[PDB]
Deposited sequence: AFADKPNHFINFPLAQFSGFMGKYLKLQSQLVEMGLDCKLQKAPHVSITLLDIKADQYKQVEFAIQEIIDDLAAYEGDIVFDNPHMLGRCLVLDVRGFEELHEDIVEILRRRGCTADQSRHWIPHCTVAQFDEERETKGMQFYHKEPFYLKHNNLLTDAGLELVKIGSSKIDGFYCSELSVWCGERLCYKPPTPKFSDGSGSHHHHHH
């Protein structure tokens, strides 16, 4: 606990990438001691899973993908802020997709953490920034990825 997680890659959103790299570029100009996040994403849910349950996760993901039009709407990124040692963005528009895939996962006997604040990691620092992107999700990007 945890173990793997279900990921939503943001690298595809050329709109989001534009202002994301711009914010990272800004971190560099200030000369902060940071590690820049290379492949920006949003972790939809953590999992505690054994390899003999991978297929379940597939079907769980498969189910959401099929009914994807239900989860259309706007994704918004805003309010940069610290989260321990990470600079992070607030993500909003994945709440419905989150709680659905958690049900399905538990109904398949996948422990998936029900209880969740959706963020996007920007930079890891060793020890008032402004950002806003409103992304039309509209009309498959979901991965099982292992930690880490």
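Missing segments of the deposited chain sequence, listed N- to C-terminal: Those stretches are 1 to 4, 120 to 121, 134 to 138, 151 to 158, 168 to 208, listed in order.
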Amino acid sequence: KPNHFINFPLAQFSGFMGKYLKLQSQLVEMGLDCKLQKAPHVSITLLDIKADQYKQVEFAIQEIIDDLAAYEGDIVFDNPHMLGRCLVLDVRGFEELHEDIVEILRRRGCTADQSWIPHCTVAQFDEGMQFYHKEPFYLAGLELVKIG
From here on, numbers count along this sequence of modelled residues.
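Highest mean C-alpha temperature factor of the two stretches 84 to 92 and 60 to 68, which is it? Comparing 60 to 68 with 84 to 92, the higher average CA B-factor belongs to 84 to 92.
Hey, which bit's got the bigger mean C-alpha B factor in the entry, 18 to 26 or 128 to 136? Here the higher of the two C-alpha B-factor means belongs to 128 to 136.
Among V102, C34, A39, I44, which residue carries the highest C-alpha B-factor recorded in the PDB entry? Answer, based on the entry's C-alpha B-factors: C34.
Within-chain third of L97 by Cα B-factor, per the entry: Lowest third - that is where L97 ends up once the chain's C-alpha B-factors are sorted.
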